[PDB]
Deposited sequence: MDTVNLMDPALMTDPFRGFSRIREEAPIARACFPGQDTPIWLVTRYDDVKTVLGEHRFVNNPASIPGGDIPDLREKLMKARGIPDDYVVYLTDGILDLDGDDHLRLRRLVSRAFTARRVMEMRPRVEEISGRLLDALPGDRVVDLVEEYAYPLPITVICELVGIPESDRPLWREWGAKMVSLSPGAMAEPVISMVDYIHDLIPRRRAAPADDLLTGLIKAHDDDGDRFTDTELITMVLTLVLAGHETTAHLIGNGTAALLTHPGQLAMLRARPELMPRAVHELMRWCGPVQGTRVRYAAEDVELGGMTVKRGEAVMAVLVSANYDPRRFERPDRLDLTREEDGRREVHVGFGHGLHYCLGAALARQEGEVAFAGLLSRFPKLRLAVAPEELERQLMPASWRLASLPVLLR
């Protein structure tokens, strides 16, 4: 009764909100459906689904030599295997590291912004939103500065090559990380790669080299395009909302709350990967059967009027306390985004940077003319043309 392609893609906000209201647990129909898929759209039900341990991400619960790096990543694991990797990665990817990243993200962002020209239209997606978060992950991980252009190029190729060729930069990145790990282990420094290498549980358990390569690749893949589109989408939102933008410039302490609202209103991830029922589960007055799939819809949860009053309004002041996170744009439960604090920091830094350097920052086309890169479960611009001066 629900089919995923037609004009849902163009307006997922109205499309999934109508569904939320009329059919809060609905069947979704996709070609090659190896099971029934249940679409879950209410805020409370999306949190129920994402917090439920009976839902698993792997139904079990590129050369052949590279396959592991793409299949055993943290988001693909459940139960005890997940518990272990999450515990291990949390010993290295710490609060201290995130706090210490702030001035580094400020310097990186500033150097990018400072090189942008005033004498032509600037594409903020290609020229800033994409290079920043890959560079930030380079800095976090400790990729040698000399090789950051190479990493940005691999990142750019991952987004722009055909799907028959997208493997090449992935494999090259793997090879790079494989080579770098023993170097960093022989020459340790205060960076996240060292942190990962040296992390160990109190009983001695620790990452294998395979797991270290997989984890590094995961952070890049999970953190590059997502963060890019938070920056692009949030900037476009601000530049089309002059009253909210003026408030934000007048009250820059609003930035953390402003980022929460931009995530709720136009965050780039609109659905999570499919969950599978490990056993029968009662959910909002029905029963999901063992083996059936469930797709949590973040965008409809984040626009749910049961939770957010006038949810269609972009209100940067909506949440009073920048410490509270009410939206599900970073997910929920055991797979809640590992990078959320870093991503929110990149957003705060990016939006503050843009506003501070460019009082005359403005869109260079009417918003109806922006091109969305249509893509399942995503909300992303193809480009963001602006004038800086």
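Colleague: From the N-terminus onward, what segments of the deposited sequence lack any C-alpha atom in this model?
Modeller: Several stretches lack coordinates - namely 1-3, 65-82, in sequence order.
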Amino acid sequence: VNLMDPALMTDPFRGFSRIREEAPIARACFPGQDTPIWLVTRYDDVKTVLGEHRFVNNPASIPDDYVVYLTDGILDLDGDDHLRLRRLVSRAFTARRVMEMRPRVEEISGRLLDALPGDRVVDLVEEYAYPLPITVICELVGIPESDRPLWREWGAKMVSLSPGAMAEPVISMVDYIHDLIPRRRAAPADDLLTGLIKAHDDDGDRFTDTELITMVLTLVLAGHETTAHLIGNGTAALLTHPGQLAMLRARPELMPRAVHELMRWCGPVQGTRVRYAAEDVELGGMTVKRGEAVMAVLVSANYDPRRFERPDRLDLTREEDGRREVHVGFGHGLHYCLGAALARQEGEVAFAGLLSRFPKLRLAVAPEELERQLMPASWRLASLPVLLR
From here on, numbers count along this sequence of modelled residues.
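Colleague: Look over 159-167 and 132-140 in the entry and identify the one with the greater average Cα temperature factor.
Modeller: The deposited B-factors put 159-167 ahead on the C-alpha mean.
Colleague: Is the mean CA B factor in the deposited entry higher across 62-70 or across 351-359?
Modeller: If you average the C-alpha B-factors of 62-70 and of 351-359, the larger mean comes out for 62-70.
Colleague: Looking at 344, 54, 324, 42, which has the highest Cα B-factor in the entry?
Modeller: In this record, 54 carries the highest C-alpha B-factor of the candidates.
Colleague: Between 182, 252, 271, 110, which carries the biggest CA temperature factor in the record?
Modeller: Of 182, 252, 271, 110, 252 has the highest C-alpha B-factor.
Colleague: Against its chain's modelled residues, does residue 3's Cα B factor rank lowest, middle or highest third?
Modeller: Highest third of the chain for residue 3's C-alpha B-factor.
Colleague: Sort the modelled residues of this chain by their C-alpha B factor and say whether residue 335 lands in the lowest, middle or highest third.
Modeller: It belongs to the lowest third of the chain when residues are ordered by C-alpha B-factor.
Colleague: Could you tell me which third, lowest, middle or highest, the C-alpha B-factor of residue 26 occupies within its chain?
Modeller: Tercile = highest for this residue's CA B-factor.
Colleague: Within this chain, which third does the Cα B-factor at residue 294 fall in: lowest, middle or highest?
Modeller: Top third by C-alpha B-factor.
Colleague: Lowest, middle or highest third: which one holds residue 328 when the chain's residues are ordered by CA B-factor from the entry?
Modeller: For residue 328, whose C-alpha B-factor we compare with every modelled residue in the chain, the answer is the lowest third.
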